[PDB]
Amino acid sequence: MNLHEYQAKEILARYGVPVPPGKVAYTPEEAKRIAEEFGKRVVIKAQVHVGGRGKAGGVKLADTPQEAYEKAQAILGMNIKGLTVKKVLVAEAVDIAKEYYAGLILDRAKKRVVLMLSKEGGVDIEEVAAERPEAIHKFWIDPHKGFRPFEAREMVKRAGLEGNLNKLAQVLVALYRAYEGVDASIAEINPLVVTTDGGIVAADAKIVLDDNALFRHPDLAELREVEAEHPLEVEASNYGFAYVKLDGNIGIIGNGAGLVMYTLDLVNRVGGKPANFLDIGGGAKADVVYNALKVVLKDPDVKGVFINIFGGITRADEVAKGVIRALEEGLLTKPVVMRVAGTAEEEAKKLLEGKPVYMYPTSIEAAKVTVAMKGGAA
């Protein structure tokens, strides 16, 4: 689950990370009122779930309330690489002397959380690591002891950060406590800033939460719906399905994340272009397939649906029964191509006579069929 900068900042502040005072605005009027209340130079920052907001023009300085109004007006509703800005953060501008990078992610090779620290802040870290990996310093954190001030200080010196050593270390320590405290999968401060007054401040922040731990952060579980990259992610979750929006027009339904990836790979290889990832889980009874169809068809881009299921024990007629129900309720208006392995596949074929629902014995065959078809309502 993605959080906005302002939400990440609220969390970091709560754990003792210094943060510029700021407030979210939904209108130029609110931006102006906020600028007036601060009574100093502010920044207007697009709140969208991508990076590079700055290069894309979603981060603008404003010296006066009237400029805060104007800039909010120019940013609200703007498009930043696909996303529409629906709110902005209005924050006090900090005078920057130094821009550093501090980030925590899971290092899957060591099975530990790793702190990544670098002098080269304000820049896409991925670049850095590819260009000159030596400018990035790493500390792998003890999962039971945590990250202690002395370890933080050593990391500060190792990376050659200039500024108050104790205050830099404290931010790093608080950053990790925050990470564990909300079950973040990612927490970065970029840029971690030393102000011209020598102050240490998190000028920007990014947090991504572990979805598996939302159940123990009710506070944040609430934001699930609004933070979703796509509204179908939520519906699919209701049934215990995992949905991912892709750009394409072939709808995909499968039982098992591995099998669904394979399906996507098949489709793509033979010229197709999948509209989504949908894993309906281990089992595939009638209700499950019906709901899966329901969810996938709420996507306008879908021209047709490729269902690829390997039931083994589960009957094949179970799939057909669910697709039939959907068709006979006037939900299924597009063509549906299936590969359903299991028991009684013949009995399942018989069921789909006279229905715009066609089975095949092989997945690659079904895949080809859907790629070539012009979809659309029948």
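A residue's number is simply how far along the shown sequence it sits, counting from 1.
- The deposited model assigns a higher average Cα B-factor to 195-203 than to the other stretch when 105-113 and 195-203 are compared.
- For the segment pair 221-229 and 143-151, the entry gives 221-229 the higher mean B-factor, averaged over Cα atoms.
- Comparing the listed residues 92, 183, 247, 95, the entry records the largest Cα B-factor for 247.
- The residue among 335, 28, 52, 65 whose C-alpha carries the highest B-factor in the deposited model is 335.
- In the deposited entry, the Cα temperature factor of residue 71 sits in the bottom third of values across the chain's modelled residues.
- Among all modelled residues in its chain, residue 265 ranks in the middle third by Cα B-factor.
- Sorting the modelled residues of the chain by their CA temperature factor places residue 11 in the middle third.
- Ranked by C-alpha B-factor against the other modelled residues of its chain, residue 60 falls in the lowest third.
- In this PDB entry, residue 366 carries a Cα temperature factor that places it within the highest third of its chain's modelled residues.
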